[PDB]
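What follows are structure tokens for two forms of the same protein chain, given separately as structure 1 and structure 2.
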Structure 1
């Protein structure tokens, strides 16, 4: 079937290419972050990295809200003020909202509408589209595309993980090449291109406070995650030399409703999972900083949108 999903996608894109479908424009600058495949690609992390670059602007992130308990357009946080449970928001928007005390977050299937409500209520100076590469109906002033090595040899859904053919790389203004710290790769296209690394430096307790890895020594952990790809987390742990006695691989966006930790055991998971387990005392998350090659170049490129 990957050949008529593909027909549909190609058709859709041609329509947008030729100007047969409406592209709408918000009255402030819009940066899109997205990728080409299902299965995680550093999008959420990159969006948080980006919001941080723009710390001197009023920033609003526009997200779709992936499997949440709420409908329509929803304000998740107002410049840091959380306003819904993580269930109501979707885990990614909530995580962003939580780790970015200075940013607003809006969840909306129709991103343009989300932007309008945000303008009305938050007067942001810049929008970041969380996962907005395929949402061509909303105009973006800077279209950033994340690629991981794996995408390069993947194929269209349902056969493979690609939501669109690799040729659609042409729609990007800038490419970000992710997971360099675990799957390095090069990719030259003549477009502005930036390698993204994750520096795994820190450990969080379940109240989102930094703690030394000191608790991990000469202790084997039970690790788990519910991510786009649990495999890369599992590998990061091995590369870090963290002793992992067991690994539980949960579905992306897993709700942990039936999760009950065993007494005396220590659990290691990600911030994306941890938001759903706040207060469980023996559960920790591996945390990291995002670092971009040629950050200075990315900045000049980003600030062009304000002129």
Structure 2
């Protein structure tokens, strides 16, 4: 009675997406090649992805290499190509980087981050200024103009039952799973599933580790014992965030929901209280030393097989 009113747009959208993908499939559009290895991390749908967690996990597997993330930076205060971070050191504000590349940079203290709609051009600037040994595309599955040596696709169980935008959340039809070199089957900790394609496949679990402080440093969740917290969220994470806090058994004396565009210009915390919020909110509250986010770690099955795939792209 409403969502079905969106299906006409979905059928149209499918024609457009399929046509573009056919052009790349058949060599009608140029695929550019950077002179160092490129690993893409991506998914098929809008919505919670685990992509951010996986990028952090992957960058850690490559801790022995000079790594640069090539991020889109969809909405920024600056355009073109922008070095957001030089091996952990932020060079711009979130306002200028966009919330996404800035958050990624804060979550990766030894890695460079470059924001550029055109990932190839971002790669060239990085090669010139940062001399990376490997690039990771965060959210790069659809960016077919840039060759990747290892195309990693994250899939959650919900994706397999979903539909193309705007009727559903899929950015591309499920047949495009064929482009993946490796599949990562996500959210196993709450919606476990199997999916056989013949491709190298890795189940991903995320498990609660500890807290992130406002300097984005890891700290024990011990600090929460015998303390009630005030929790808050700067968007619809209201539902999600509240659930996670409950399932973890964290005692929340109060919850506050803010506008999703909130830049926390008017945020006024109380001395002596402890606050919990999301990492996306936390980036706007650095320096408030009584404000924390939850930190989860990726646990991946057959990790050594993934390490082997990664190793082989350096030849």
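Each form is matched to the other, and the largest set of C-alpha atoms that superpose within 1.5 Å is called the rigid core. Residue numbers count along the first chain shown, from 1.
Q. Looking at the motion between structure 1 and structure 2, would you put residue 133 and residue 169 in the same rigid part?
A. Yes; in the rigid-body motion between structure 1 and structure 2, residue assignment puts residue 169 alongside residue 133 in one part.
Q: Treating the chain as two rigid parts, state the angle between structure 1 and structure 2 by which the smaller one turns with respect to the larger, in whole degrees.
A: Smaller part versus larger part, rotation angle: 24 degrees.
Q) Rigid-core fit: what Cα movement does residue 30 have between structure 1 and structure 2, in Å to one decimal? A) Residue 30 is displaced by 0.1 Å at its C-alpha.
Q. Taking the rigid core as the frame of reference, how far in Å is the Cα of residue 228 displaced between structure 1 and structure 2?
A. That residue's C-alpha sits 8.9 Å away in the other form.
Q: Fit the two forms on their core, then tell me the C-alpha shift of residue 241 between structure 1 and structure 2 in angstrom.
A: C-alpha shift for residue 241: 3.6 Å.
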